[PDB]
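Enquirer: The structure under discussion is supplied below as structure tokens; questions concerning it will follow.
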Amino acid sequence: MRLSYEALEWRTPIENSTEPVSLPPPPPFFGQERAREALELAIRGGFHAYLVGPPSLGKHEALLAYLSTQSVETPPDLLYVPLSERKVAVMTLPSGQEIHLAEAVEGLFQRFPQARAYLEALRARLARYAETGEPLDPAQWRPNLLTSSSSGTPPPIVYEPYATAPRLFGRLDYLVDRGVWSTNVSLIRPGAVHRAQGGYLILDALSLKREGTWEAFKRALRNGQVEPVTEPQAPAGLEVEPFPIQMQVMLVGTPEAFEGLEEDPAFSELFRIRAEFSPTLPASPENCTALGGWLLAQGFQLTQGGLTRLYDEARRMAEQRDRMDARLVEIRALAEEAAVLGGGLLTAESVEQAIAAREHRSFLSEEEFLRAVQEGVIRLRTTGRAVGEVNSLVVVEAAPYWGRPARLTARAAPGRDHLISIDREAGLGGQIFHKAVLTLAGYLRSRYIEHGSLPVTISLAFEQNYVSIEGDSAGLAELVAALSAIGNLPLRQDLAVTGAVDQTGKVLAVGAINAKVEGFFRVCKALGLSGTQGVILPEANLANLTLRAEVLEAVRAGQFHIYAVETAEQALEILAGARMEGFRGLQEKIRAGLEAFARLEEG
Amino acid sequence: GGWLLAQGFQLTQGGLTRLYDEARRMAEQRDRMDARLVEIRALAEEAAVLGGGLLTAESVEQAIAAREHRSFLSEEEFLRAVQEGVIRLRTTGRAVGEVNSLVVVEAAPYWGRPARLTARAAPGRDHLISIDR
Amino acid sequence: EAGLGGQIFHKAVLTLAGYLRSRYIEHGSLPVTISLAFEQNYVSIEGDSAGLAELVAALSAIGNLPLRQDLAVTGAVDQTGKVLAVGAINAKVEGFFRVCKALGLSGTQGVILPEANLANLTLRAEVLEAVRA
Amino acid sequence: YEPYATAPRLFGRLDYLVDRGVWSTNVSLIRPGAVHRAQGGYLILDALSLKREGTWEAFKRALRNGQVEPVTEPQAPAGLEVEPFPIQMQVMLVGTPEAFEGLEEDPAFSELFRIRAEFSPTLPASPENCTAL
């Protein structure tokens, strides 16, 4: 089937492009109902949770926004007290109240029923010092206030991106009078774990791993072992007793950052709630409106047409007409470049020109390729007809993954049923490429059985390919090339072909469908559009087609053509300009080619 | 049931029964129950939250459901691709040489999916080829 | 077969076999075994640029065709027998000139190379002058 | 332009005065690094040095969090806490396609370095470029 301009057009119409947008900020987590409901459960139950999803989604900013709205009772005052001259413990008092115990002890269970054991040791040390005149000192006997707060709204929220032991657990300072002797409860500094008590600690999975602090952090959550970091020099140490941990931990990372963590049984034991962000959102009017209120709240001056183009670019990023890329950070970075080109205003033009300039900045490799094609250093045809030859479509393996035609040939000779991919046999293909080749051999042998086994050897080669080639998306082009070589069928060179094929000859969806189409357009355009060029591609990719403006306009002008197909025979009928049956069709020509090869193979 | 009460839960009969049957299903054995009490307890802690502090039959079934929802992104993507025709599956009609086989995805929690499998036969000299192998 | 070629070298060889078998089909499959060897090569050899020389050598061996030794040959070939551009085209030409010159120019020496390399030919003065002479 | 991207050259250094042991804090013994000298203007670093010196992760923390820590010694019995500050500078990184390679696999590299300024290995051979040369 031919795809008309009206069937291909996917973009949002724009009314009143330059009108300023005015819209309220959406809720944190809009379109991310899964992660939002997981984290509501984690907050309601006190469970630790881990936020997982691709980079640049805005997972951290959304979490910090959502935590800001929570309320907890005002966190206890938090402190270290000595239990001896070599030993300390972390304790809580009700809020604002260590100021009264710090002054009371400045009188060097009074009214503080919790400070039980620090008092015994203060008294006991006062005791044995009357009882010896046993010196000062200095005093290292008074409480150390780690934290205190005026209220629990919002709760404490501590995001520590750099998860080193002294940042998580705190640090011992050493005073030097003589050697490096310097204990005292009062030279201990708190870490993030101390600052997060009563509230939330947010850490990045990748840092716990890089910093090697995952095992110590497990010990903190499981045993309350929180040890401030010591130095190799100190001739004695303080013993630091464990304490009851009161905090909820949120870990944030990509599916890949979590990977090593997940193999640890204790990770799933400790982080029971997975809050997974989707890489895309529904492409709906509600999410277009939310994205508009989110950009205004980020400070942009947005027009309707600027919003609409950003929203449609997010759709094209997702390669899904009905879904939009969910990565708000990436939409924001694109809007920042557009804003500069619009002199501070985010307009439809400034977005389209920002998109273009990103392409220009990564286009050197394609400028080299197109110059080699034009100079005749790379041999490509984009017009005329040839037997056994087809423009297949490939994507270059470096970002941003431009598409290009790759000329592919099939040659057939009389022989004992072999379908050879030269590139596979040379070691250039990967496993999925090799699979696609075997799959085509399966199709051909089972489709053409009147001679017994196929009387031909067929070899397929990508003509000027120097690098490894992967995936199954050249299957349709290889099978049509092979059927053409068998029946001697001239094929149009103005149509490139992409599509995977199964054993039954059905055409399956491929990846990067927009880059492939546009890569064939760019080459046809650089060589001068003939009016009849185009691409045959899988019907199964219609949910993914979000073609750039220049392509849609050429198709609307009649200067480029898109065909979608379900079976490899439908592709062959288009390329060979004839029907398989109504015979004199192509099928009769294929069987007559195989009869001719069969006669050559038996004298 | 006496172990969960001693752990401090407020349990109803129906909450106990659903936990016990979920432990059976965890073991994939109608006559055996999963022996991991810590895992039963973690599931009861989530159920208790959904039951507002009471562990009931509904709060257990809804805790089980919400664990599935929390790990379901990969299946939501797969089912959308099937519905959009990006993955080609048939669940009705008849075809020669074709069958829906069943596979498990290799990441936890190991969802199951159909995998369409085809066999093609041609005249030849006794070879059974798995293309994937 | 000895393991000296890399993958692209091996590709060029398979590509020539593809050309020969499909070009000469009146006997059925080709009635010949052809072996190609670089005579005194001790190191690994890479790339596709000896394809044209190997295919002409092979066609010569098949038809018993004496070939001029005063012309060196460089060029890749596709399955259809078309000649493709190669790398280092100036160093290759000049290397054949230097050897012809060290052995005494006969007046008839030269190189056959791909038309597709004409955008790359920037030959040294001494070569241009010999061709002008 | 700091070609040698070590931690003390990017972030500065603590000196220690010795009266007794190694006690020597004071705000006034802190020396600035390139990051301090570039405020309000431009810092130019080589990709290959950030990698060789292992300072890429710390440099990311500087750009993302304003964490700029002068380098300390293993000896110092106490330390100064250095608060982060608002970074005001534009960074240009310079390198070959190969020098960038490892950096590019890091998502945070593309987040932080949004503008690629890629030089072509050749120019048009025109009268204008002959005159410019």
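For the structure tokens, the naming scheme is as follows: chains receive sequential letters (A, B, ...) according to their order of presentation, residues are indexed from 1 within each chain, and ligands are indexed from 1 in presentation order.
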Quick check: residues of chain B within 9 Å of chain A, only C-alpha atoms, returned as an MDAnalysis selection string.
Expert: chainID B and resid 38:39 42 45:46 48:50 66:67 69:73 84:88 118:124 131:132
Enquirer: Counting only C-alpha atoms, a student should be able to say which residues of chain A come within 10 Å of chain D; what is the right answer, written as JSON, numbers by chain?
Expert: {"A": [54, 55, 56, 161, 162, 171, 172, 173, 174, 175, 176, 177, 178, 179, 180, 181, 182, 187, 230, 231, 232, 233, 234, 329, 330, 333, 334, 337, 357, 358, 360, 361, 362, 363, 364, 365, 367, 368, 399]}
Enquirer: Given the selection you just returned, output its residues as a file containing C-alpha atoms, formatted as a PDB file, in the first residue's frame.
Expert:
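Contents of result_8.pdb, as written:
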```pdb
ATOM      1  CA  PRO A  54      16.680   6.273  32.270  1.00  0.00           C
ATOM      2  CA  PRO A  55      19.061   9.217  32.722  1.00  0.00           C
ATOM      3  CA  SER A  56      17.610  12.807  32.300  1.00  0.00           C
ATOM      4  CA  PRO A 161      25.183  12.744  45.579  1.00  0.00           C
ATOM      5  CA  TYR A 162      28.726  11.896  46.614  1.00  0.00           C
ATOM      6  CA  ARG A 171      34.247  12.350  60.598  1.00  0.00           C
ATOM      7  CA  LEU A 172      36.548  12.486  63.728  1.00  0.00           C
ATOM      8  CA  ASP A 173      38.660  15.507  64.131  1.00  0.00           C
ATOM      9  CA  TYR A 174      41.870  15.202  66.155  1.00  0.00           C
ATOM     10  CA  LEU A 175      43.236  18.010  68.410  1.00  0.00           C
ATOM     11  CA  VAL A 176      46.984  17.977  68.799  1.00  0.00           C
ATOM     12  CA  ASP A 177      48.519  19.049  72.174  1.00  0.00           C
ATOM     13  CA  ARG A 178      51.327  16.448  72.218  1.00  0.00           C
ATOM     14  CA  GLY A 179      51.315  13.590  69.613  1.00  0.00           C
ATOM     15  CA  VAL A 180      47.893  13.195  67.888  1.00  0.00           C
ATOM     16  CA  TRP A 181      45.834  12.481  71.141  1.00  0.00           C
ATOM     17  CA  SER A 182      42.459  14.033  70.581  1.00  0.00           C
ATOM     18  CA  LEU A 187      35.335  16.803  67.780  1.00  0.00           C
ATOM     19  CA  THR A 230      39.099   7.794  61.540  1.00  0.00           C
ATOM     20  CA  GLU A 231      42.696   8.397  60.510  1.00  0.00           C
ATOM     21  CA  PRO A 232      45.466   5.722  60.196  1.00  0.00           C
ATOM     22  CA  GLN A 233      47.532   8.037  62.501  1.00  0.00           C
ATOM     23  CA  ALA A 234      45.333   8.162  65.665  1.00  0.00           C
ATOM     24  CA  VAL A 329      15.538  17.264  31.446  1.00  0.00           C
ATOM     25  CA  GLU A 330      16.292  16.557  27.743  1.00  0.00           C
ATOM     26  CA  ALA A 333      18.044  21.298  27.457  1.00  0.00           C
ATOM     27  CA  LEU A 334      16.553  21.553  23.867  1.00  0.00           C
ATOM     28  CA  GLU A 337      19.125  26.161  23.044  1.00  0.00           C
ATOM     29  CA  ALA A 357      21.473  23.193  14.519  1.00  0.00           C
ATOM     30  CA  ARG A 358      21.917  19.989  16.631  1.00  0.00           C
ATOM     31  CA  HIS A 360      24.362  20.419  11.736  1.00  0.00           C
ATOM     32  CA  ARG A 361      26.707  20.060  14.704  1.00  0.00           C
ATOM     33  CA  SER A 362      26.800  16.212  14.301  1.00  0.00           C
ATOM     34  CA  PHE A 363      26.643  16.101  10.515  1.00  0.00           C
ATOM     35  CA  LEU A 364      30.515  15.904   9.572  1.00  0.00           C
ATOM     36  CA  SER A 365      30.327  12.139   9.006  1.00  0.00           C
ATOM     37  CA  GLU A 367      28.891  15.489   4.832  1.00  0.00           C
ATOM     38  CA  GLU A 368      31.978  13.189   4.154  1.00  0.00           C
ATOM     39  CA  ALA A 399      25.421   8.680  17.987  1.00  0.00           C
TER      40      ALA A 399
END
```
Enquirer: Run DSSP on the backbone of this structure and report the residues of range 74-118 of chain B it assigns to strand (DSSP E or B), as a list in words.
Expert: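 The residues of range 74-118 of chain B classed as strand (DSSP E or B) are residues 98, 99, 100, 101, 102, 103, 104, 112, 113, 114, 115, 116, 117 and 118 of chain B.
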Enquirer: Counting only C-alpha atoms, which residues from chain C have an atom at most 10 Å from any atom of chain A, and could you show them as a PDB file with N, CA and C atoms, in the first residue's frame?
Expert:
```
ATOM      1  N   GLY C   6      42.999 -10.605   6.769  1.00  0.00           N
ATOM      2  CA  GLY C   6      41.975 -10.302   7.773  1.00  0.00           C
ATOM      3  C   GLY C   6      40.572 -10.564   7.220  1.00  0.00           C
ATOM      4  N   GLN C   7      39.555 -10.061   7.912  1.00  0.00           N
ATOM      5  CA  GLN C   7      38.157 -10.266   7.440  1.00  0.00           C
ATOM      6  C   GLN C   7      37.787  -9.606   6.113  1.00  0.00           C
ATOM      7  N   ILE C   8      38.241  -8.379   5.867  1.00  0.00           N
ATOM      8  CA  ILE C   8      37.901  -7.695   4.604  1.00  0.00           C
ATOM      9  C   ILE C   8      38.601  -8.399   3.398  1.00  0.00           C
ATOM     10  N   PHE C   9      39.824  -8.859   3.643  1.00  0.00           N
ATOM     11  CA  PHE C   9      40.575  -9.666   2.590  1.00  0.00           C
ATOM     12  C   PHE C   9      39.771 -10.916   2.202  1.00  0.00           C
ATOM     13  N   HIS C  10      39.280 -11.619   3.234  1.00  0.00           N
ATOM     14  CA  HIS C  10      38.530 -12.818   3.077  1.00  0.00           C
ATOM     15  C   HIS C  10      37.222 -12.474   2.315  1.00  0.00           C
ATOM     16  N   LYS C  11      36.561 -11.407   2.751  1.00  0.00           N
ATOM     17  CA  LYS C  11      35.377 -10.901   2.000  1.00  0.00           C
ATOM     18  C   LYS C  11      35.667 -10.751   0.509  1.00  0.00           C
ATOM     19  N   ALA C  12      36.828 -10.134   0.170  1.00  0.00           N
ATOM     20  CA  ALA C  12      37.107  -9.844  -1.282  1.00  0.00           C
ATOM     21  C   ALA C  12      37.216 -11.155  -2.026  1.00  0.00           C
ATOM     22  N   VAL C  13      37.827 -12.149  -1.401  1.00  0.00           N
ATOM     23  CA  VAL C  13      37.947 -13.480  -2.034  1.00  0.00           C
ATOM     24  C   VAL C  13      36.603 -14.143  -2.292  1.00  0.00           C
ATOM     25  N   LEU C  14      35.783 -14.202  -1.241  1.00  0.00           N
ATOM     26  CA  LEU C  14      34.371 -14.702  -1.413  1.00  0.00           C
ATOM     27  C   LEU C  14      33.634 -13.895  -2.499  1.00  0.00           C
ATOM     28  N   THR C  15      33.906 -12.605  -2.600  1.00  0.00           N
ATOM     29  CA  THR C  15      33.169 -11.814  -3.544  1.00  0.00           C
ATOM     30  C   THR C  15      33.540 -12.235  -4.984  1.00  0.00           C
ATOM     31  N   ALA C  17      34.672 -15.246  -5.838  1.00  0.00           N
ATOM     32  CA  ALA C  17      34.099 -16.555  -6.107  1.00  0.00           C
ATOM     33  C   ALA C  17      32.623 -16.367  -6.580  1.00  0.00           C
ATOM     34  N   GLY C  18      31.923 -15.440  -5.928  1.00  0.00           N
ATOM     35  CA  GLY C  18      30.511 -15.114  -6.270  1.00  0.00           C
ATOM     36  C   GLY C  18      30.410 -14.640  -7.721  1.00  0.00           C
ATOM     37  N   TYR C  19      31.336 -13.744  -8.100  1.00  0.00           N
ATOM     38  CA  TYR C  19      31.394 -13.270  -9.484  1.00  0.00           C
ATOM     39  C   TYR C  19      31.630 -14.402 -10.500  1.00  0.00           C
ATOM     40  N   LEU C  20      32.598 -15.254 -10.216  1.00  0.00           N
ATOM     41  CA  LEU C  20      32.985 -16.261 -11.191  1.00  0.00           C
ATOM     42  C   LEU C  20      31.931 -17.311 -11.353  1.00  0.00           C
ATOM     43  N   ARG C  21      31.394 -17.779 -10.239  1.00  0.00           N
ATOM     44  CA  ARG C  21      30.392 -18.832 -10.385  1.00  0.00           C
ATOM     45  C   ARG C  21      29.156 -18.352 -11.132  1.00  0.00           C
ATOM     46  N   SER C  22      28.743 -17.088 -10.923  1.00  0.00           N
ATOM     47  CA  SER C  22      27.492 -16.586 -11.505  1.00  0.00           C
ATOM     48  C   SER C  22      27.755 -16.114 -12.874  1.00  0.00           C
ATOM     49  N   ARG C  23      28.984 -15.811 -13.207  1.00  0.00           N
ATOM     50  CA  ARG C  23      29.247 -15.331 -14.559  1.00  0.00           C
ATOM     51  C   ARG C  23      29.335 -16.557 -15.524  1.00  0.00           C
ATOM     52  N   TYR C  24      29.867 -17.677 -15.104  1.00  0.00           N
ATOM     53  CA  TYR C  24      30.177 -18.799 -16.041  1.00  0.00           C
ATOM     54  C   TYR C  24      29.324 -20.009 -15.636  1.00  0.00           C
ATOM     55  N   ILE C  25      28.091 -20.061 -16.153  1.00  0.00           N
ATOM     56  CA  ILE C  25      27.116 -21.089 -15.697  1.00  0.00           C
ATOM     57  C   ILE C  25      26.795 -22.219 -16.735  1.00  0.00           C
ATOM     58  N   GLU C  26      27.366 -22.180 -17.920  1.00  0.00           N
ATOM     59  CA  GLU C  26      27.034 -23.259 -18.943  1.00  0.00           C
ATOM     60  C   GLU C  26      27.416 -24.736 -18.591  1.00  0.00           C
ATOM     61  N   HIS C  27      28.368 -24.938 -17.680  1.00  0.00           N
ATOM     62  CA  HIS C  27      28.713 -26.271 -17.202  1.00  0.00           C
ATOM     63  C   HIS C  27      28.041 -26.638 -15.958  1.00  0.00           C
ATOM     64  N   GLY C  28      27.171 -25.771 -15.454  1.00  0.00           N
ATOM     65  CA  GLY C  28      26.699 -26.063 -14.154  1.00  0.00           C
ATOM     66  C   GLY C  28      27.711 -25.371 -13.278  1.00  0.00           C
ATOM     67  N   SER C  29      28.063 -25.991 -12.188  1.00  0.00           N
ATOM     68  CA  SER C  29      28.951 -25.309 -11.335  1.00  0.00           C
ATOM     69  C   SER C  29      30.355 -25.377 -11.964  1.00  0.00           C
ATOM     70  N   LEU C  30      31.188 -24.415 -11.613  1.00  0.00           N
ATOM     71  CA  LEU C  30      32.521 -24.279 -12.207  1.00  0.00           C
ATOM     72  C   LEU C  30      33.332 -25.546 -12.095  1.00  0.00           C
ATOM     73  N   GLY C  47      42.385  -5.839   3.736  1.00  0.00           N
ATOM     74  CA  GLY C  47      41.702  -4.881   2.855  1.00  0.00           C
ATOM     75  C   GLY C  47      41.311  -5.644   1.611  1.00  0.00           C
ATOM     76  N   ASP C  48      40.643  -4.932   0.711  1.00  0.00           N
ATOM     77  CA  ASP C  48      40.009  -5.575  -0.418  1.00  0.00           C
ATOM     78  C   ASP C  48      40.699  -5.147  -1.693  1.00  0.00           C
ATOM     79  N   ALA C  76      39.290  -2.790  -5.933  1.00  0.00           N
ATOM     80  CA  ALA C  76      38.457  -3.798  -5.241  1.00  0.00           C
ATOM     81  C   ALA C  76      37.436  -4.183  -6.337  1.00  0.00           C
ATOM     82  N   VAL C  77      36.777  -5.315  -6.212  1.00  0.00           N
ATOM     83  CA  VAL C  77      35.748  -5.691  -7.185  1.00  0.00           C
ATOM     84  C   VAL C  77      34.473  -6.121  -6.392  1.00  0.00           C
ATOM     85  N   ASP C  78      33.305  -5.853  -6.972  1.00  0.00           N
ATOM     86  CA  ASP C  78      32.018  -6.367  -6.361  1.00  0.00           C
ATOM     87  C   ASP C  78      31.655  -7.654  -7.096  1.00  0.00           C
ATOM     88  N   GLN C  79      30.579  -8.276  -6.635  1.00  0.00           N
ATOM     89  CA  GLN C  79      30.033  -9.520  -7.174  1.00  0.00           C
ATOM     90  C   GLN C  79      29.653  -9.450  -8.623  1.00  0.00           C
ATOM     91  N   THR C  80      29.401  -8.245  -9.086  1.00  0.00           N
ATOM     92  CA  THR C  80      28.947  -7.998 -10.444  1.00  0.00           C
ATOM     93  C   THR C  80      30.156  -7.715 -11.375  1.00  0.00           C
ATOM     94  N   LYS C  82      32.270  -5.098 -11.113  1.00  0.00           N
ATOM     95  CA  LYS C  82      32.610  -3.659 -11.188  1.00  0.00           C
ATOM     96  C   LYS C  82      33.807  -3.367 -10.272  1.00  0.00           C
ATOM     97  N   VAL C  83      34.603  -2.362 -10.642  1.00  0.00           N
ATOM     98  CA  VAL C  83      35.849  -2.034  -9.875  1.00  0.00           C
ATOM     99  C   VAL C  83      35.570  -0.849  -8.920  1.00  0.00           C
ATOM    100  N   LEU C  84      35.966  -0.990  -7.659  1.00  0.00           N
ATOM    101  CA  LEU C  84      35.604  -0.046  -6.640  1.00  0.00           C
ATOM    102  C   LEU C  84      36.897   0.669  -6.207  1.00  0.00           C
ATOM    103  N   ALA C  85      36.747   1.851  -5.624  1.00  0.00           N
ATOM    104  CA  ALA C  85      37.882   2.682  -5.120  1.00  0.00           C
ATOM    105  C   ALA C  85      38.693   1.965  -4.051  1.00  0.00           C
ATOM    106  N   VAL C  86      40.004   2.220  -3.995  1.00  0.00           N
ATOM    107  CA  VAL C  86      40.829   1.696  -2.897  1.00  0.00           C
ATOM    108  C   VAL C  86      41.525   2.769  -2.102  1.00  0.00           C
ATOM    109  N   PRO C 114      41.250   2.057 -10.269  1.00  0.00           N
ATOM    110  CA  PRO C 114      39.835   2.319 -10.404  1.00  0.00           C
ATOM    111  C   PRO C 114      39.555   3.760 -10.874  1.00  0.00           C
ATOM    112  N   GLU C 115      38.665   3.863 -11.828  1.00  0.00           N
ATOM    113  CA  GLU C 115      38.121   5.169 -12.217  1.00  0.00           C
ATOM    114  C   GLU C 115      37.532   5.861 -11.041  1.00  0.00           C
ATOM    115  N   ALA C 116      37.030   5.089 -10.084  1.00  0.00           N
ATOM    116  CA  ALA C 116      36.403   5.677  -8.927  1.00  0.00           C
ATOM    117  C   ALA C 116      37.503   6.387  -8.038  1.00  0.00           C
ATOM    118  N   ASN C 117      38.812   6.170  -8.289  1.00  0.00           N
ATOM    119  CA  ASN C 117      39.839   6.873  -7.485  1.00  0.00           C
ATOM    120  C   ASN C 117      40.295   8.153  -8.149  1.00  0.00           C
ATOM    121  N   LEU C 118      39.684   8.536  -9.286  1.00  0.00           N
ATOM    122  CA  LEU C 118      40.263   9.784  -9.977  1.00  0.00           C
ATOM    123  C   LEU C 118      40.159  10.997  -9.041  1.00  0.00           C
ATOM    124  N   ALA C 119      39.153  11.109  -8.158  1.00  0.00           N
ATOM    125  CA  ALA C 119      39.068  12.316  -7.204  1.00  0.00           C
ATOM    126  C   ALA C 119      40.252  12.300  -6.186  1.00  0.00           C
ATOM    127  N   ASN C 120      40.975  11.161  -6.084  1.00  0.00           N
ATOM    128  CA  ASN C 120      42.078  11.034  -5.099  1.00  0.00           C
ATOM    129  C   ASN C 120      43.512  11.140  -5.668  1.00  0.00           C
TER     130      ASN C 120
END
```
Enquirer: Just to confirm, what's the straight-line distance from CA of residue 33 in chain C to CA of residue 487 in chain A in Å (one decimal)?
Expert: 27.9 Å
Enquirer: Between A:204, A:33, A:256, A:588, single out the one closest to residue 158 in chain A, counting only C-alpha atoms.
Expert: A:204
Enquirer: So which residues touch residue 221 in chain A within 9 Å, counting only C-alpha atoms, skipping near sequence neighbours fewer than 4 positions away, as a CSV table (one decimal) with N, CA and C atoms, in the first residue's frame?
Expert:
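Full text of out.csv as output:
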```csv
chain,number,residue,atom,x,y,z
A,216,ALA,N,29.2,-0.8,53.9
A,216,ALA,CA,29.0,-0.1,55.2
A,216,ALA,C,27.6,0.5,55.3
A,217,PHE,N,27.0,0.9,54.1
A,217,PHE,CA,25.7,1.5,54.3
A,217,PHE,C,24.7,0.4,54.7
A,225,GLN,N,25.1,0.6,62.8
A,225,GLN,CA,26.5,0.9,62.9
A,225,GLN,C,26.8,2.1,61.9
A,226,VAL,N,27.1,3.2,62.6
A,226,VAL,CA,27.4,4.5,61.9
A,226,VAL,C,28.7,5.0,62.5
A,245,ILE,N,18.3,3.7,64.0
A,245,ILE,CA,18.2,4.6,62.8
A,245,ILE,C,16.8,4.9,62.5
A,270,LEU,N,16.3,-4.8,51.7
A,270,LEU,CA,16.2,-3.5,52.4
A,270,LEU,C,15.4,-2.5,51.5
```
Enquirer: Which value, in Å to one decimal, gives the distance between CA of residue 128 in chain C and CA of residue 89 in chain C?
Expert: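 Separation between CA of residue 128 in chain C and CA of residue 89 in chain C: 14.4 Å.
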Enquirer: For residue 491 in chain A, list every protein, DNA or RNA residue within 6 Å, evaluated using only C-alpha atoms, and leave out those in the same chain fewer than 6 positions away; present the list as a compact mmCIF listing (two decimals) with N, CA, C and O atoms, in the first residue's frame.
Expert:
```
# COMPACT_ATOMS: atom_id res chain seq x y z
N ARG A 385 17.23 0.51 -13.22
CA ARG A 385 16.78 -0.83 -12.85
C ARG A 385 17.99 -1.71 -12.92
O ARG A 385 18.90 -1.39 -13.64
N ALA A 386 18.05 -2.79 -12.14
CA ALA A 386 19.19 -3.70 -12.20
C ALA A 386 18.68 -4.99 -11.63
O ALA A 386 17.84 -5.01 -10.68
N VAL A 387 19.15 -6.09 -12.16
CA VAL A 387 18.85 -7.42 -11.60
C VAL A 387 19.69 -7.77 -10.39
O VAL A 387 20.93 -7.56 -10.33
N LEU A 575 9.01 -3.53 -6.57
CA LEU A 575 10.31 -3.28 -7.11
C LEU A 575 10.38 -3.74 -8.59
O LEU A 575 11.13 -3.14 -9.35
N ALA A 576 9.74 -4.86 -8.89
CA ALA A 576 9.83 -5.42 -10.27
C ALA A 576 8.73 -4.89 -11.21
O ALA A 576 8.76 -5.21 -12.42
```
Enquirer: Separation of CA of residue 582 in chain A and CA of residue 536 in chain A, in Å?
Expert: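 Result for CA of residue 582 in chain A versus CA of residue 536 in chain A: 22.8 Å, one decimal.
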Enquirer: Name all residues at most 7 Å from range 13-19 of chain B (count only C-alpha atoms; drop same-chain ones fewer than 6 positions away) and give them as a list in words.
Expert: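 That gives residues 1, 55, 56, 57 and 60 of chain B.
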Enquirer: Can you write out the residues you just picked, keeping C-alpha atoms, as a compact mmCIF listing (two decimals), in the first residue's frame?
Expert:
```txt
# COMPACT_ATOMS: atom_id res chain seq x y z
CA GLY B 1 -0.42 -17.47 62.23
CA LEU B 55 -3.92 -7.70 57.84
CA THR B 56 -7.01 -8.94 55.96
CA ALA B 57 -7.60 -11.09 53.01
CA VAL B 60 -2.86 -9.26 51.14
```
Enquirer: May I have the residues within 6 Å of range 25-30 of chain D as JSON, numbers by chain, using only C-alpha atoms and disregarding those fewer than 3 positions away in the same chain?
Expert: {"D": [13, 14, 15]}
Enquirer: Near residue 36 in chain C, counting only C-alpha atoms, which residues have an atom at most 10 Å away, once you skip same-chain residues fewer than 2 positions from it, shown as a VMD selection string?
Expert: chain C and resid 13 34 38 to 39 54 to 55 57 to 58
Enquirer: Ranking D:72, D:50, D:38, D:10 by minimum distance to residue 24 in chain D and counting only C-alpha atoms, which one comes first?
Expert: D:72
Enquirer: Going by DSSP on the backbone, which residues of range 23-200 of chain A come out as helix (DSSP H, G or I)? List them as a PyMOL selection string.
Expert: chain A and resi 33-45+59-68+98-106+116-130+165-169+185-187+192-195
